[PDB]
Amino acid sequence: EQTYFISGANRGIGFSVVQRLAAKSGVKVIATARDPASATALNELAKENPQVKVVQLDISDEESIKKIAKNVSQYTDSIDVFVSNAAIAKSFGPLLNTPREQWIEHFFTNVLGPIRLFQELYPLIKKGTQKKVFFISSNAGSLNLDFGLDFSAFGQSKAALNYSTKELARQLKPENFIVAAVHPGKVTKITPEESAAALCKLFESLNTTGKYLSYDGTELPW
Amino acid sequence: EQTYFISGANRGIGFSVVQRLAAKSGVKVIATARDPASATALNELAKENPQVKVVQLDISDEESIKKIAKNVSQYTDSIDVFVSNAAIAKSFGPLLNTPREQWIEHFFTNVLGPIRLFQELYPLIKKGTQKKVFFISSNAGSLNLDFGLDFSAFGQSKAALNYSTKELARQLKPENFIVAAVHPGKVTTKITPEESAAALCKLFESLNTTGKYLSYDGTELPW
Ligand SMILES: NC(=O)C1=CN([C@@H]2O[C@H](COP(=O)(O)OP(=O)(O)OC[C@H]3O[C@@H](n4cnc5c(N)ncnc54)[C@H](OP(=O)(O)O)[C@@H]3O)[C@@H](O)[C@H]2O)C=CC1
Ligand SMILES: NC(=O)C1=CN([C@@H]2O[C@H](COP(=O)(O)OP(=O)(O)OC[C@H]3O[C@@H](n4cnc5c(N)ncnc54)[C@H](OP(=O)(O)O)[C@@H]3O)[C@@H](O)[C@H]2O)C=CC1
């Protein structure tokens, strides 16, 4: 029935999302890892559960992104639900203390990567039924939330991706796409499995485009 | 006396702000161009108003930015009013149709450029009296306005820099800095460069509180 694509599936929320989706009948899961050979838990899941297909992706690497569509296509003729989950969070604290390379790495990995990944997998998503597009954002990316914390290149990258996500939702509303930015929670802290359970109910239930959502389905201000 | 710094002063609003500042007594202007020797208007401006100093800045070029503090330090001990004006606006419309290079170029020129520029000229701004920091933003950069247009890399770059401008306002409030993101208007409702400059100069002088996102007319925009 349905194909999910989850970037960054070897650990954290991505692994827990793939584990949760692997439990549902009639769900095929394209799961990505930078280094699949070292994705122990994900490889063992895929060994027990043939519905889970493991593909290499480095979203920091144009040469990897240029291959994701042809490689995914070996395993599926369509994607129902796209989840750009793979990301970095390596730069917090004041602007004056954040060197050039942190800004660059968060832009390439957290902004350009997800945009190029979507661009490449759009034809596969257009061919699917559900046409859902989820960007795993952060409440730190809001322009209208104050946490009393600096988020530096990490927060900027989530705001940047948020801006483009909102635009994308407008652009693909006439093609009946559902596009969302989703804050997965602080992983008060929640566990990745709890986040994944809530994220997967959201992925299945969300029926409107253009939303910025917390994992529980409540709205966040852009 | 006060020292103003303006990136991208060879044409557009940049030129019009420098021209207006040059008219105000006791103002010295550090004015930037990528190619100061081709900046015929600004060079003539500076010839007639030598309080205007023309320095080389390409905000897309880290090697250029690594030299700005030294180039500016030639002419001043301090900056009272910093203005990141220099920027590009090359990519609009759909994401699927926005190639890699357009995303990269707006990030490097419109986001990284200004943060690097501010990091480099912060010691000079710190020594100054007014501690005013202005990023020429766009209303298109708002996460909370709908123009019935898509702004692609351009709009993303203005929203990215807005996020950091807000953080920078918070971060520098202790040091009594005034940090603002300012939409200068859609200059040639379009308004003239000279109209846009007059509004901005008034804003640059009047603004007394940090963390604001302002249109040229002094009303606030939602982040
Ligand atoms: N959990 C939280 O508290 C919050 C997290 N988020 C969002 O949650 C999402 C998931 O976070 P979480 O699982 O905790 O993060 P982790 O850092 O634990 O995991 C990140 C995942 O992304 C992968 N990844 C990183 N860089 C790349 C790359 N260049 N190419 C491909 N894959 C890559 C990692 O693979 P590898 O093992 O190779 O490094 C890993 O699978 C992120 O997208 C983030 O934006 C937002 C804010 C709050
Ligand atoms: N354009 C607009 O009216 C709108 C955009 N804005 C802001 O307006 C401001 C610019 O106004 P204005 O000058 O009239 O518009 P322009 O269309 O003239 O903007 C280009 C300016 O930036 C300079 N510049 C461009 N690229 C670089 C670079 N890599 N390094 C250094 N300088 C560079 C140009 O110099 P060069 O001649 O060498 O190319 C020129 O001074 C920017 O802050 C922009 O973000 C805000 C709202 C609407």
Side-chain angles (χ1 to χ4, degrees), chain A residues 88-107 110-111 138-160 162-163 186 221-222, chain B residues 5 7 59 62 65 68-69 72 78-85 87 107 110-137 141-143 157-183 203-204 207-214 220-223:
Chain A
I88 61 167
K90 292 188 189 166
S91 184
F92 311 86
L95 181 152
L96 286 170
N97 292 131
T98 306
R100 176 173 195 274
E101 52 266 34
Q102 279 177 29
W103 298 104
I104 284 175
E105 189 192 0
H106 285 86
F107 169 75
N110 281 4
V111 182
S138 179
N139 52 6
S142 186
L143 270 295
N144 287 287
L145 256 24
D146 179 12
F147 292 102
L149 298 173
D150 305 308
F151 292 114
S152 178
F154 175 60
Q156 187 197 90
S157 75
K158 290 296 144 168
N162 279 1
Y163 183 94
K186 214 192 195 312
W222 295 109
Chain B
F5 172 100
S7 61
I59 37 150
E62 175 58 12
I65 302 163
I68 192 58
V72 169
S78 70
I79 297 167
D80 293 287
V81 186
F82 173 89
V83 187
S84 181
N85 172 72
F107 169 74
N110 286 9
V111 186
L112 189 62
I115 293 155
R116 284 294 299 115
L117 182 57
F118 175 80
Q119 277 180 336
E120 294 302 315
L121 297 184
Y122 165 74
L124 275 170
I125 302 155
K126 179 70 222 196
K127 285 287 283 287
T129 291
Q130 306 208 114
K131 293 154 160 64
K132 275 166 178 206
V133 176
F134 291 103
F135 298 90
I136 301 325
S137 193
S142 179
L143 267 301
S157 73
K158 295 334 288 209
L161 180 55
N162 281 358
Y163 181 96
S164 301
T165 307
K166 200 176 158 172
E167 291 215 322
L168 183 55
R170 266 207 322 267
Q171 284 158 25
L172 292 192
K173 186 161 152 58
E175 293 169 56
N176 318 283
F177 274 66
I178 303 193
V179 174
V182 187
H183 171 64
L203 204 160
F204 295 156
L207 183 59
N208 69 306
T209 87
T210 193
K212 288 277 182 305
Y213 189 15
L214 303 171
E220 290 185 27
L221 305 162
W223 291 119

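Lettering follows sequence order; numbering is per chain, from 1.
- Partners of B/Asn85 by side chain to side chain donor-acceptor pair (under 3.5 Å), not counting sequence neighbours: none found.
- Classified by interplanar angle (parallel below 30°, tilted 30° to 60°, perpendicular above 60°), the ring pair B/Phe134/B/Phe204 is tilted.
- Side chain of B/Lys158 to backbone of B/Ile136: a donor-acceptor contact under 3.5 angstrom is found.
- Note that NZ of B/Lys166 is 11.0 Å distant from NZ of B/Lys212, once rounded to the nearest 0.5 Å.
- The shortest distance between side-chain heavy atoms of A/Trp103 and A/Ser157 does not fall below 4.5 Å.
- Ring pair B/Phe135/B/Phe118 is tilted by interplanar angle, where 30° to 60° counts as tilted.
- Counting only distance, with no hydrogens or angles, the side chain of B/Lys126 and the backbone of B/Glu175 share no donor-acceptor pair below 3.5 Å.
- Remark: B/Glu167 engages B/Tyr163, B/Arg170 in a side chain to side chain donor-acceptor pair (under 3.5 Å) (not counting sequence neighbours).
- With A/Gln156 contributing its side chain and A/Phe107 its backbone, the two residues share no donor-acceptor pair below 3.5 Å.
- Panel note: side chain B/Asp80, backbone B/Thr129; a donor-acceptor pair is recorded below 3.5 Å.
- Taking the side chain as every heavy atom from C-beta outward, B/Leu161 and B/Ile115 approach each other to under 4.5 Å.
- Salt bridge status for A/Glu105 with A/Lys90: present, with a side-chain N to carboxylate O gap under 4.0 Å.
- Within the 4.5 Å cutoff, the side chain of B/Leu172 has no heavy atoms near those of the B/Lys131 side chain.
- The backbone N or O of A/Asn139 sits nowhere less than 3.5 Å from a side-chain atom of A/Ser142 that would complete a donor-acceptor pair.
- In summary, the aromatic rings of B/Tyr122 and B/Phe177 are positioned with their centroids under 6.0 Å apart.
- The backbone N or O of A/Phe154 sits nowhere less than 3.5 Å from a side-chain atom of A/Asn110 that would complete a donor-acceptor pair.
- Between B/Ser137 and B/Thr165 there is no side-chain heavy-atom pair separated by less than 4.5 Å.
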